[PDB]
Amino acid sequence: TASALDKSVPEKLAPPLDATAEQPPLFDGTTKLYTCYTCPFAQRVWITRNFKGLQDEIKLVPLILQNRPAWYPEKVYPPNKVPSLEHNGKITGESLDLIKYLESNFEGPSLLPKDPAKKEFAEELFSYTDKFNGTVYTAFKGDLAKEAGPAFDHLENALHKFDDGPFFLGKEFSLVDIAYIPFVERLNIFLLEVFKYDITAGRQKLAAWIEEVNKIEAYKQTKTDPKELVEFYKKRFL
């Protein structure tokens, strides 16, 4: 199972750094993930780090984005977003590039299968990630079944492609599952609580997928506060 393959351990979390916090040594040879604990793009990299067993290797540097140290855009990462990864004398951004990079260049269990047909489907699903987010996050003011429905339907139908297991690529938990879960997690809570919309209604495979991803310790360790998420999304979109 995916849980058996998981190399994560329970982890103590340091408080996020505010505007006055000292800057961690830059390019001292220690690998660092600049992040924010509630950011779903960063959560992608967080889960990947955990699953591959890279927690000691990859130090977390969590920031309060609403009140972040100026040294971050000035001295670490000019695009001024999280996540970014400090490794091999550079700072690399883009959550999808980062989970791919952990998988191609770091130790730990595989998060991409070898099967060529699965590799191709993975690329299609990676490509669809911003269209998925684009569709649902712009649907809050309209008829949800018309506006957000087709995007969840796309995930439901994608899950019918490989019949050897409940994940997007079938049998094995992968980078694809990791790419989607932080957004499905938050969307599920927000839509149900605020709009009375159950994304799992009529989407059997999607429901199985959420349940199965949720058995994985690497993921559970990274989950955000439901109540805080709702207040945040009401303020952001309503």
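The numbering used is simple: start at 1 and walk along the sequence shown.
Worksheet item: When the C-alpha temperature factors are averaged for each of 137-145 and 150-158, which stretch ends up with the higher value in the entry?
Response: Per the PDB entry, the higher value belongs to 137-145.
Item to complete: Report the stretch with the higher mean CA temperature factor, choosing between 42-50 and 188-196 on the basis of the entry.
Response: According to the entry, 188-196 carries the higher average C-alpha B-factor.
Worksheet item: Which of these has the highest Cα B-factor in the record: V176, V61, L206, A201?
Response: If I rank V176, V61, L206, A201 by C-alpha B-factor, first place goes to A201.
Worksheet item: In terms of the chain's CA B-factor thirds, is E74 lowest, middle or highest?
Response: It falls in the middle third of the chain.
Practice prompt. Please rank the C-alpha B-factors of the chain's modelled residues and tell me whether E103 sits in the lowest, middle or highest third.
Written response: Answer is middle: the recorded C-alpha B-factor places it there.
Fill in: Chain third (lowest, middle, highest) by recorded CA B-factor, residue given as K131
Answer is middle: the recorded C-alpha B-factor places it there.
Item to complete: Pull the Cα B-factor of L85 out of the PDB entry and bin it into the chain's lowest, middle or highest third.
Response: Lowest third of the chain for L85's C-alpha B-factor.
Worksheet item: Going by the entry, which third of its chain does the Cα temperature factor of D97 land in?
Response: Lowest third - that is where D97 ends up once the chain's C-alpha B-factors are sorted.
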